[PDB]
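What follows is the content of run_37.cif (mmCIF, C-alpha atoms and all ligand atoms).
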```
data_input
#
loop_
_atom_site.label_atom_id
_atom_site.label_comp_id
_atom_site.auth_asym_id
_atom_site.auth_seq_id
_atom_site.Cartn_x
_atom_site.Cartn_y
_atom_site.Cartn_z
CA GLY J 31 -7.58 12.62 -15.96
CA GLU J 32 -6.27 9.10 -16.54
CA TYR J 33 -4.38 7.25 -13.86
CA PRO J 34 -0.81 8.58 -13.84
CA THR J 35 2.30 6.71 -14.82
CA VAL J 36 6.04 7.47 -14.60
CA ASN J 37 5.91 9.14 -17.98
CA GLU J 38 3.92 11.81 -16.25
CA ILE J 39 5.83 11.31 -13.00
CA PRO J 40 9.45 12.39 -12.73
CA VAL J 41 11.16 10.99 -9.65
CA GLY J 42 10.52 13.48 -6.81
CA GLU J 43 7.02 14.57 -7.88
CA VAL J 44 3.75 13.24 -6.49
CA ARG J 45 0.32 12.94 -8.07
CA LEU J 46 -2.99 12.37 -6.33
CA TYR J 47 -5.92 10.57 -7.94
CA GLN J 48 -9.48 10.73 -6.66
CA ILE J 49 -10.75 7.17 -6.20
CA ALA J 50 -14.08 7.86 -4.45
CA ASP J 51 -15.57 10.45 -2.11
CA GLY J 52 -12.97 10.98 0.60
CA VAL J 53 -10.50 8.49 -0.93
CA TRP J 54 -7.45 9.26 -3.05
CA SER J 55 -4.45 7.31 -4.15
CA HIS J 56 -1.00 8.87 -4.23
CA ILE J 57 1.50 8.00 -6.97
CA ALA J 58 5.22 8.63 -6.98
CA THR J 59 8.24 7.22 -8.78
CA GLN J 60 11.59 6.01 -7.55
CA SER J 61 14.84 4.55 -8.84
CA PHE J 62 15.91 1.17 -7.48
CA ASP J 63 18.82 -0.90 -8.78
CA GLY J 64 19.01 1.25 -11.91
CA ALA J 65 15.38 1.11 -12.99
CA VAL J 66 12.46 3.47 -12.34
CA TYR J 67 9.20 2.23 -10.83
CA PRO J 68 5.87 3.79 -9.86
CA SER J 69 4.25 3.04 -6.54
CA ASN J 70 0.88 3.79 -4.93
CA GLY J 71 -0.43 4.71 -1.52
CA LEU J 72 -3.77 5.79 -0.15
CA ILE J 73 -5.29 8.87 1.54
CA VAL J 74 -8.61 8.56 3.38
CA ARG J 75 -10.57 11.48 4.80
CA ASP J 76 -11.10 11.09 8.56
CA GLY J 77 -13.47 13.97 9.43
CA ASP J 78 -11.33 17.14 9.46
CA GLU J 79 -8.12 15.08 9.24
CA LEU J 80 -6.51 12.60 6.86
CA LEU J 81 -5.27 9.06 7.30
CA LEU J 82 -2.29 8.17 5.09
CA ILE J 83 -1.55 4.64 3.91
CA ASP J 84 2.13 4.16 2.94
CA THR J 85 4.87 6.63 2.21
CA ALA J 86 5.72 7.83 -1.31
CA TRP J 87 8.97 5.75 -1.43
CA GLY J 88 11.66 8.00 -0.10
CA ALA J 89 12.21 11.05 2.07
CA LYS J 90 12.03 13.66 -0.67
CA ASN J 91 9.07 11.96 -2.36
CA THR J 92 7.24 11.90 0.99
CA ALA J 93 7.91 15.59 1.60
CA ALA J 94 6.51 16.23 -1.88
CA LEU J 95 3.49 14.08 -0.97
CA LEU J 96 2.72 16.24 2.06
CA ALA J 97 2.99 19.37 -0.08
CA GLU J 98 0.70 17.92 -2.74
CA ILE J 99 -1.87 16.97 -0.08
CA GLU J 100 -1.83 20.52 1.27
CA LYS J 101 -2.29 21.92 -2.24
CA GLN J 102 -5.06 19.57 -3.37
CA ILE J 103 -6.92 18.70 -0.15
CA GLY J 104 -5.80 21.09 2.56
CA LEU J 105 -6.52 18.91 5.58
CA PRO J 106 -3.79 17.73 7.96
CA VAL J 107 -2.35 14.25 7.79
CA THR J 108 -2.49 13.07 11.40
CA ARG J 109 -1.80 9.32 11.19
CA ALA J 110 -0.10 6.98 8.75
CA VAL J 111 -0.04 3.19 8.43
CA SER J 112 2.69 1.36 6.54
CA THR J 113 1.50 -1.91 5.01
CA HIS J 114 4.88 -3.74 4.98
CA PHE J 115 8.52 -3.10 5.77
CA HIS J 116 9.97 -2.21 2.34
CA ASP J 117 11.17 1.27 1.42
CA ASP J 118 8.17 1.93 -0.84
CA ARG J 119 6.02 1.69 2.32
CA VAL J 120 8.20 3.03 5.16
CA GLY J 121 10.77 5.18 3.32
CA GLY J 122 9.66 8.61 4.38
CA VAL J 123 8.40 7.67 7.86
CA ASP J 124 11.06 9.94 9.38
CA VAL J 125 9.77 12.85 7.26
CA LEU J 126 6.22 12.06 8.41
CA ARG J 127 7.24 11.87 12.05
CA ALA J 128 8.88 15.31 11.84
CA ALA J 129 5.74 16.75 10.18
CA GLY J 130 3.43 15.83 13.09
CA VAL J 131 2.21 12.51 11.73
CA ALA J 132 1.86 9.56 14.08
CA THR J 133 3.23 6.51 12.24
CA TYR J 134 1.94 2.96 12.73
CA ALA J 135 2.70 -0.56 11.50
CA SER J 136 2.28 -4.10 12.77
CA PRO J 137 4.95 -5.41 15.16
CA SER J 138 6.02 -7.76 12.39
CA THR J 139 6.61 -4.87 10.00
CA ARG J 140 8.44 -2.89 12.71
CA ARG J 141 10.79 -5.80 13.45
CA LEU J 142 11.53 -6.43 9.77
CA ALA J 143 12.13 -2.74 9.08
CA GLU J 144 14.50 -2.46 12.04
CA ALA J 145 16.41 -5.59 11.04
CA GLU J 146 16.78 -4.50 7.42
CA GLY J 147 17.81 -0.91 8.22
CA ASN J 148 14.66 0.73 6.91
CA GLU J 149 12.74 3.52 8.61
CA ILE J 150 10.63 2.35 11.53
CA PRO J 151 7.03 3.45 12.29
CA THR J 152 6.59 4.58 15.90
CA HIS J 153 3.49 2.68 17.00
CA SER J 154 2.63 -1.02 16.89
CA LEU J 155 -0.67 -2.28 15.53
CA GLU J 156 -1.74 -5.29 17.61
CA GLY J 157 -4.54 -7.62 16.66
CA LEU J 158 -3.17 -8.50 13.18
CA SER J 159 -0.75 -11.35 13.82
CA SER J 160 -2.90 -14.26 12.54
CA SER J 161 -4.07 -14.55 8.96
CA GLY J 162 -7.69 -13.42 8.66
CA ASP J 163 -7.30 -10.88 11.48
CA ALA J 164 -8.93 -7.48 11.03
CA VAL J 165 -8.95 -4.31 13.12
CA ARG J 166 -10.49 -0.87 12.68
CA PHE J 167 -8.23 2.15 12.29
CA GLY J 168 -10.12 5.38 11.76
CA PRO J 169 -12.13 5.17 8.55
CA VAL J 170 -10.51 1.93 7.37
CA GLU J 171 -10.26 -1.71 8.24
CA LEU J 172 -6.80 -3.27 8.31
CA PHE J 173 -6.62 -6.95 7.32
CA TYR J 174 -3.77 -9.43 7.52
CA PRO J 175 -4.29 -11.96 4.70
CA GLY J 176 -1.23 -14.12 5.34
CA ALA J 177 2.18 -14.13 3.70
CA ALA J 178 2.23 -13.02 0.06
CA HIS J 179 4.54 -10.36 -1.34
CA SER J 180 6.01 -10.29 2.17
CA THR J 181 5.27 -12.08 5.42
CA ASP J 182 3.94 -8.89 7.03
CA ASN J 183 1.83 -7.42 4.23
CA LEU J 184 -1.44 -5.81 5.25
CA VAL J 185 -4.52 -4.94 3.19
CA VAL J 186 -6.73 -1.90 3.77
CA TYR J 187 -10.48 -1.62 3.12
CA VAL J 188 -12.45 1.64 3.08
CA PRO J 189 -15.97 0.47 3.96
CA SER J 190 -17.71 3.77 3.10
CA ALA J 191 -16.54 3.45 -0.52
CA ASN J 192 -15.91 -0.29 -0.91
CA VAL J 193 -12.31 0.47 -1.85
CA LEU J 194 -9.84 -2.38 -1.39
CA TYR J 195 -6.23 -1.24 -1.20
CA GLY J 196 -4.26 -4.43 -1.71
CA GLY J 197 -0.83 -3.00 -1.33
CA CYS J 198 1.97 -5.08 -2.80
CA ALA J 199 0.13 -8.36 -2.26
CA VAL J 200 -2.01 -7.29 -5.26
CA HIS J 201 -0.70 -6.62 -8.77
CA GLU J 202 -2.16 -4.64 -11.63
CA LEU J 203 -3.83 -6.36 -14.56
CA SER J 204 -0.95 -5.66 -16.98
CA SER J 205 1.61 -7.36 -14.76
CA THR J 206 3.60 -10.19 -16.34
CA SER J 207 5.34 -11.52 -13.24
CA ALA J 208 5.01 -11.16 -9.50
CA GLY J 209 7.13 -8.00 -9.16
CA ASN J 210 9.92 -7.93 -6.60
CA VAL J 211 9.66 -11.34 -4.95
CA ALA J 212 12.80 -11.02 -2.82
CA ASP J 213 10.87 -11.42 0.45
CA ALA J 214 7.76 -13.18 -0.89
CA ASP J 215 6.16 -16.54 -0.12
CA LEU J 216 5.03 -17.67 -3.58
CA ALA J 217 3.56 -20.91 -2.21
CA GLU J 218 1.37 -19.11 0.34
CA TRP J 219 0.47 -16.08 -1.79
CA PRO J 220 -2.51 -17.63 -3.65
CA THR J 221 -4.01 -18.77 -0.34
CA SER J 222 -3.60 -15.26 1.03
CA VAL J 223 -5.26 -13.76 -2.05
CA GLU J 224 -8.11 -16.23 -1.69
CA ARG J 225 -8.57 -14.94 1.88
CA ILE J 226 -8.79 -11.38 0.53
CA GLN J 227 -11.35 -12.46 -2.08
CA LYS J 228 -13.48 -14.19 0.54
CA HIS J 229 -13.33 -11.31 3.01
CA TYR J 230 -14.04 -8.40 0.62
CA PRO J 231 -16.50 -9.71 -1.99
CA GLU J 232 -18.18 -6.30 -2.35
CA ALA J 233 -15.01 -4.40 -3.26
CA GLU J 234 -15.67 -2.02 -6.16
CA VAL J 235 -12.19 -0.60 -6.69
CA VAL J 236 -9.02 -2.61 -6.10
CA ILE J 237 -5.75 -0.67 -5.87
CA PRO J 238 -2.43 -2.54 -6.31
CA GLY J 239 0.78 -1.53 -4.60
CA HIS J 240 2.19 -0.52 -8.00
CA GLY J 241 0.23 0.32 -11.16
CA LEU J 242 -3.34 0.89 -12.25
CA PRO J 243 -6.44 0.35 -10.09
CA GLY J 244 -9.24 -1.81 -11.39
CA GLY J 245 -11.88 -4.15 -10.04
CA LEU J 246 -11.94 -7.52 -8.30
CA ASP J 247 -10.20 -9.12 -11.34
CA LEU J 248 -6.89 -7.82 -9.98
CA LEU J 249 -7.08 -10.44 -7.24
CA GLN J 250 -7.51 -13.39 -9.59
CA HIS J 251 -4.91 -11.99 -11.97
CA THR J 252 -2.47 -11.72 -9.07
CA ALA J 253 -3.02 -15.35 -8.10
CA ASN J 254 -2.51 -16.32 -11.74
CA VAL J 255 0.77 -14.45 -12.18
CA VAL J 256 2.14 -15.65 -8.84
CA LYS J 257 1.29 -19.31 -9.55
CA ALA J 258 3.07 -19.04 -12.91
CA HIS J 259 6.05 -17.19 -11.43
CA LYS J 260 6.51 -20.01 -8.91
CA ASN J 261 6.24 -22.53 -11.76
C1 LIG J 301 11.47 -1.37 -2.55
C2 LIG J 301 10.82 -2.66 -3.10
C3 LIG J 301 10.87 -2.69 -4.71
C4 LIG J 301 11.95 -2.16 -5.47
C5 LIG J 301 11.92 -2.19 -6.88
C6 LIG J 301 10.83 -2.76 -7.56
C7 LIG J 301 9.74 -3.30 -6.80
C8 LIG J 301 8.53 -3.94 -7.11
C9 LIG J 301 7.94 -4.25 -8.49
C10 LIG J 301 8.72 -4.79 -9.49
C11 LIG J 301 8.14 -5.04 -10.75
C12 LIG J 301 6.80 -4.72 -11.00
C13 LIG J 301 6.22 -5.02 -12.42
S1 LIG J 301 5.60 -6.83 -12.44
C14 LIG J 301 4.26 -6.86 -11.20
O1 LIG J 301 5.02 -7.25 -13.74
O2 LIG J 301 6.67 -7.78 -12.08
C15 LIG J 301 6.02 -4.16 -9.98
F1 LIG J 301 4.70 -3.82 -10.14
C16 LIG J 301 6.60 -3.92 -8.73
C17 LIG J 301 7.92 -4.22 -5.90
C18 LIG J 301 6.63 -4.97 -5.63
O3 LIG J 301 6.39 -5.98 -6.37
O4 LIG J 301 5.95 -4.73 -4.62
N1 LIG J 301 8.68 -3.81 -4.93
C19 LIG J 301 9.79 -3.26 -5.41
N2 LIG J 301 11.50 -3.85 -2.62
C20 LIG J 301 12.82 -4.00 -2.15
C21 LIG J 301 12.96 -5.42 -1.84
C22 LIG J 301 14.17 -6.22 -1.27
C23 LIG J 301 15.35 -5.34 -0.78
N3 LIG J 301 16.25 -6.23 -0.11
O5 LIG J 301 11.83 -6.13 -2.11
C24 LIG J 301 10.88 -5.16 -2.64
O6 LIG J 301 9.79 -5.43 -2.96
ZN ZN J 302 7.58 -4.75 -0.98
ZN ZN J 303 5.90 -2.95 -3.51
#
```
Now that the file is in, can you turn its structure into structure tokens?
Ligand SMILES: C[C@@H](c1cccc2c(-c3ccc(CS(C)(=O)=O)c(F)c3)c(C(=O)O)[nH]c12)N1CC(CCN)OC1=O
Ligand SMILES: [Zn+2]
Ligand SMILES: [Zn+2]
Amino acid sequence: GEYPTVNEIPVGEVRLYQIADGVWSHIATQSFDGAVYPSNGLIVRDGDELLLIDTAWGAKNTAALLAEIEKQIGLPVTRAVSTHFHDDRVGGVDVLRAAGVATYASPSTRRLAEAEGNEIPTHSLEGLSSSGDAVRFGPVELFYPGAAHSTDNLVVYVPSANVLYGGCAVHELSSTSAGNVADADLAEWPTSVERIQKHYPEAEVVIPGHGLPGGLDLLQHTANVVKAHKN
């Protein structure tokens, strides 16, 4: 019943967690540079179909994700959006594409994925290139807050449930640093978080890219840990 962690998640297995009516997160674990990390994504019911946000960080994890969705939900995943270019967001796009899923990301994410040798979503999401931009995509709104964890990071809001999926631009409350900052803009990140706070003041659940969901406090906590990481 509690939100799952690695200690319940061997690498290769996937858990789903019901967030709200028609909204689940997915949780998987992966090894990277000799350490094991959890990571989240989102699943949103879209009538008789499902919209997937982010892969489960790897090909085998993403295959396991599709199997877990069939077991627990039983509706087809028809579209997926990746919220930035890192492997915890696009690793598994090839699996999705061979399982009938149409894969999408911004042009900025597609270019960065291609340049870095990561898997590349098929379709480009226009209308998101300026900070503060928002577009509708099925049952969600996609929002580009500005550079934060990465220059391309997108945020996803589920208006029916007031669920804010921050992706890796948002950290969990227990975080002690800003995570993997390799491609981050620590100077711009607080401004981007402030844009999220201003745009989604009615969010009830906030889901970070890694770790435990909570409420709006995750946004302020993220700004706090990023400002202190920078300093
Ligand atoms: C594949 C991805 C990656 C791999 C491994 C770990 C992470 C973390 C991470 C780290 C620590 C914490 C605990 S905490 C908030 O207290 O510090 C955390 F929650 C998340 C993140 C993230 O923060 O989103 N991304 C990671 N990658 C790869 C990459 C550059 C490759 N050239 O950059 C990146 O992010
Ligand atoms: Zn990342
Ligand atoms: Zn991440």
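Considering the residues J:120, J:129, J:177, J:170 and counting only C-alpha atoms and all ligand atoms, ligand ZN 303 (chain J) has its shortest atom-to-atom contact with J:120.
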>> Give me the residues near region 151-164 of chain J as a count of residues only, where near means some atom within 9 Å (using all atoms listed in the file) and where sequence neighbours in that chain fewer than 2 positions away do not count.
In response: 32
As a PDB file with C-alpha atoms, in the coordinates of the input, please: every protein or nucleic acid residue near ligand LIG 301 (chain J) (cut-off 6 Å, counting only C-alpha atoms and all ligand atoms).
```pdb
ATOM      1  CA  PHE J  62      15.910   1.170  -7.480  1.00  0.00           C
ATOM      2  CA  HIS J 116       9.970  -2.210   2.340  1.00  0.00           C
ATOM      3  CA  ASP J 117      11.170   1.270   1.420  1.00  0.00           C
ATOM      4  CA  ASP J 118       8.170   1.930  -0.840  1.00  0.00           C
ATOM      5  CA  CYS J 198       1.970  -5.080  -2.800  1.00  0.00           C
ATOM      6  CA  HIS J 201      -0.700  -6.620  -8.770  1.00  0.00           C
ATOM      7  CA  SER J 205       1.610  -7.360 -14.760  1.00  0.00           C
ATOM      8  CA  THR J 206       3.600 -10.190 -16.340  1.00  0.00           C
ATOM      9  CA  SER J 207       5.340 -11.520 -13.240  1.00  0.00           C
ATOM     10  CA  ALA J 208       5.010 -11.160  -9.500  1.00  0.00           C
ATOM     11  CA  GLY J 209       7.130  -8.000  -9.160  1.00  0.00           C
ATOM     12  CA  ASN J 210       9.920  -7.930  -6.600  1.00  0.00           C
ATOM     13  CA  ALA J 212      12.800 -11.020  -2.820  1.00  0.00           C
ATOM     14  CA  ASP J 213      10.870 -11.420   0.450  1.00  0.00           C
ATOM     15  CA  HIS J 240       2.190  -0.520  -8.000  1.00  0.00           C
TER      16      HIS J 240
END
```
> What does the distance between CA of residue 187 (chain J) and CA of residue 230 (chain J) come to in Å, to one decimal place?
Replying inline: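 Separation of CA of residue 187 (chain J) and CA of residue 230 (chain J): 8.1 Å.
Across the model, the gap from CA of residue 42 (chain J) to CA of residue 97 (chain J) is 11.7 Å.
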>> For residue 257 (chain J), find every residue with an atom within 12 Å (counting all atoms listed in the file), except residues of its own chain fewer than 5 positions away, and show them as a PyMOL selection string.
In response: chain J and resi 178+206-208+215-221+223+250-252
>> Which polymer residues, whether protein, DNA or RNA, lie within 10 Å of the coordinate (-5.1, 14.6, 9.6) when you count all atoms listed in the file? List them as a PyMOL selection string, using the chain letters and numbers from the file.
In response: chain J and resi 73-82+104-110+130-132
> Excluding same-chain residues fewer than 2 positions from region 46-48 of chain J, what lies within 9 Å of it counting all atoms listed in the file, as a list in words?
Replying inline: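 So, after excluding close chain neighbours, the residues are residues 31, 32, 33, 34, 44, 50, 51, 52, 53, 54, 55, 56, 57, 73, 95, 98, 99 and 102 of chain J.
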Give me a file of those residues, with C-alpha atoms, as a short mmCIF file (atom, residue, chain, number, x, y, z; two decimals), in the coordinates of the input.
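Final output, saved to out_11.cif:
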```cif
data_model
loop_
_atom_site.label_atom_id
_atom_site.label_comp_id
_atom_site.auth_asym_id
_atom_site.auth_seq_id
_atom_site.Cartn_x
_atom_site.Cartn_y
_atom_site.Cartn_z
CA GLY J 31 -7.58 12.62 -15.96
CA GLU J 32 -6.27 9.10 -16.54
CA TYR J 33 -4.38 7.25 -13.86
CA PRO J 34 -0.81 8.58 -13.84
CA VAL J 44 3.75 13.24 -6.49
CA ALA J 50 -14.08 7.86 -4.45
CA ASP J 51 -15.57 10.45 -2.11
CA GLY J 52 -12.97 10.98 0.60
CA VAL J 53 -10.50 8.49 -0.93
CA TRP J 54 -7.45 9.26 -3.05
CA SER J 55 -4.45 7.31 -4.15
CA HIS J 56 -1.00 8.87 -4.23
CA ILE J 57 1.50 8.00 -6.97
CA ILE J 73 -5.29 8.87 1.54
CA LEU J 95 3.49 14.08 -0.97
CA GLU J 98 0.70 17.92 -2.74
CA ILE J 99 -1.87 16.97 -0.08
CA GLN J 102 -5.06 19.57 -3.37
#
```
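Atom to atom, CA of residue 122 (chain J) and CA of residue 196 (chain J) stand 20.0 Å apart.
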> Using all atoms listed in the file, which of J:245, J:147, J:71, J:64 sits nearest residue 45 (chain J)?
Replying inline: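 The answer is J:71, which sits nearest to residue 45 (chain J).
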